[PDB]
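Ligands are counted one by one from 1 in listed order, and the atoms in each one are counted from 1 as well. We name chains A, B, ... by the order of the sequence lines, and we start the count at 1 in each one.
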Amino acid sequence: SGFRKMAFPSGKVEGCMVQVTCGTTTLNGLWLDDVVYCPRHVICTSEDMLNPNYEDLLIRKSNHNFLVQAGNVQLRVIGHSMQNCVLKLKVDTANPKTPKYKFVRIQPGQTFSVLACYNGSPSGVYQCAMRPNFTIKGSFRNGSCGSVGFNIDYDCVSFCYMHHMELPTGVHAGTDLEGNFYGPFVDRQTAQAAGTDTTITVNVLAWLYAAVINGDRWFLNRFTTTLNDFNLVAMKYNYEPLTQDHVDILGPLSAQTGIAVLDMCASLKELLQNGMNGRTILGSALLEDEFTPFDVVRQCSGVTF
Amino acid sequence: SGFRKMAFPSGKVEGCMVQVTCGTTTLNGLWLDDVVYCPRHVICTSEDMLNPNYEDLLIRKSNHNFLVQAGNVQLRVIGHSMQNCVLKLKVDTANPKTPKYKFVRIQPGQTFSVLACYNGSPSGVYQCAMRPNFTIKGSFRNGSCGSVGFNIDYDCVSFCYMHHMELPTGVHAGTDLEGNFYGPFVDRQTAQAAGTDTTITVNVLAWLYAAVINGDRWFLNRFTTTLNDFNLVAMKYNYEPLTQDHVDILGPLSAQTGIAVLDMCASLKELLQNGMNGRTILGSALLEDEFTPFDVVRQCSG
Ligand SMILES: *[C@@](O)(CO)[C@H](C[C@@H]1CCNC1=O)NC(=O)[C@H](CC(C)C)NC(=O)c1cc2c(OC)cccc2[nH]1
Ligand SMILES: *[C@@](O)(CO)[C@H](C[C@@H]1CCNC1=O)NC(=O)[C@H](CC(C)C)NC(=O)c1cc2c(OC)cccc2[nH]1
Ligand code: NA
Ligand code: NA
Ligand code: NA
Ligand code: NA
Ligand code: NA
Ligand code: NA
Ligand code: NA
Ligand code: NA
């Protein structure tokens, strides 16, 4: 038993982390087969990042201006191309540690493991949730750009995040592996503001199902609701509206407990209107929203990869 | 910036995880060189686990009785010994992915990364702290025995925990890699309670320093207390006493933020007597004690 914030085993990703350097600007890159993926601002100087023209800056760069290092071993760059905010560097060596992988763009509220890296060497791993305002409440310092976020499904690593910047509020923003930023952020050295964040309702409901599975079910009421009525009420409490996919991925937890999804929504609605009344759920007085229904199922079922 | 519960990269340990089966009992094993380390209760049956005479049960087992599998491959057991609660199975093949390693016994309050595994396959990784009552608050289910805890320094993996048991209260207990249990627990199928769980005081203070570094200051006050006066109140709330060693270890955090330790102690004292009301610290509604001063410095130095 027990419920902890669990990251995926990071071994398959550790073997793909390299260092990328242009002049004196250095960050992390992702080495899959014979291609290294990294943030495009590696080609910028400190002053270039203030107001960069990436098309102009890249046209002056040649393959021999890129230093890619797996540890201390250099991988010669034999080709380069820009795709949105990510630089793709073809190298002379196919990574023998390349796992089965996919490039995926995740939804807000979906979780993933972040392998924090500095100078191409992994330093730590932890689980993040993509906030509804497309930020992540991570832990990133200088030199962490290029660190990737990922999920593992069986033998396949689904890469979903690459780190680019830290907002003034201390949260973090980045792109998918195709270089498309999550949310309305740009890769420039400017103070950028994120939208008003909200609570991930599908994850709170999954956490409620996890409590019911563990015998903590005092919050179950005799009410039900429609999905539209609940979505309108939830927004008044700064909670995210539920999608059809949200109801679908809550299916297994609903079947395992016998509690209909819309019944759990009405129970959560009462918890928002009247509070907890000095009671706790799973030992916590706060409603946790960084556990997806997959995270609840994966943890309680001992799923391996 | 930012502060999060983070674990070491587990790749060096994933290459050592194997599956050990004896009879109808299956758990995880740690494959280092030509030795596989796993909990010794894998040799027990349902009736044995009640009151197992391990010396008597082990002598009655042969090499062929143990099925060790590393991924697809089956490792041939060519020898078997036992050190306390850890069974040692010698195999005819050395693990090529064996990293630089060492077996260490950590102290209460220190942290380590847990690679939770099932049937020899890694499932997840998270950070745990060795609580003062020598239990850990982890997430282990059936088949997780043999999962190990560790710390990594440079290229060396320092193994410090192997999982054995979940107490009725939901917390977990295990041994070091020499088979010695952390706490007064025994590897038998009985309901066992631990001593009173106190709070790691030096860790709460470091966590409060991390909150100040990250812009959380609402809990601070203008007051200062003495070391003894704080420990009097701390022990009243089942907090571990704060030693001058702990005060010195918090030094870099105190100098970086400009808040003296004794100043932070006065803030913690107010939090214990008045509570947190409805506010939170670093997103938590409770006083966290599973972050060491090193965990805070290593994450908030810049
Ligand atoms: C990368 O490591 C650089 O390669 C770096 C990671 C952040 C820095 C510290 N912690 C992090 O997460 N990313 C940056 O430095 C980026 C630079 C590119 C152009 C995106 N910039 C920021 O993260 C940034 C800039 C500013 C700013 O200006 C002025 C004002 C306020 C906040 C801010 N964040
Ligand atoms: C291992 O996976 C078994 O190899 C298992 C790990 C626990 C299972 C559930 N969650 C875990 O962390 N370990 C055990 O099952 C051990 C067995 C060995 C012999 C110690 N037993 C317990 O953890 C246990 C037994 C009892 C009990 O009896 C009766 C009564 C109440 C609680 C309890 N926990
Ligand atoms: Na609005
Ligand atoms: Na009960
Ligand atoms: Na209405
Ligand atoms: Na309201
Ligand atoms: Na939307
Ligand atoms: Na049911
Ligand atoms: Na022999
Ligand atoms: Na012999």
At a 4.0 Å threshold, what atoms of ligand 1 neighbour a non-hydrogen atom of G143(A)?
-> 2 (O)

Under 4.0 Å from any heavy atom of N142(A), which atoms of ligand 1 are there?
-> 8 (C), 9 (C)

With respect to [X], determine whether any N or O atom, backbone or side chain, lies less than 3.5 Å from an N or O atom of ligand 1.
X: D187(A); answer: no
X: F140(A); answer: yes
X: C145(A); answer: yes

Plane angle bin for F134(A) and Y182(A) - parallel if under 30°, tilted between 30 and 60°, otherwise perpendicular | parallel

Parallel, tilted or perpendicular: ring planes of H164(A) versus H41(A), cut at 30 and 60 degrees | perpendicular

Answer yes or no on whether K5(A) is positioned over the face of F291(A), meaning its NZ or CZ is under 6.0 Å from the six-membered ring centre and within 45° of the axis.
-> yes

Geometric cation-pi criterion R40(A) and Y54(A), 6.0 Å radius, 45° cone = yes

Side chains of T201(A) and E240(A): do they bring a donor and an acceptor to under 3.5 Å?
-> no

Thinking salt bridges, do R105(A) and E178(A) make one under a 4.0 Å N-O criterion?
-> no

Is the shortest distance from a heavy atom of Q192(A) to ligand 1 less than 4.0 Å?
-> no

Quick one: which of [options] has a heavy atom closest to [atom]?
atom: atom 32 (C) of ligand 1; options: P52(A), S1(B), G2(B), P168(A); value: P168(A)
atom: atom 9 (C) of ligand 1; options: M49(A), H41(A), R141(A), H163(A); value: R141(A)
atom: atom 14 (C) of ligand 1; options: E166(A), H164(A), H172(A); value: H164(A)

Result of checking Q83(A), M165(A), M162(A) against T175(A) for side chain to side chain contact (heavy atoms under 4.5 Å, CB included) | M162(A)

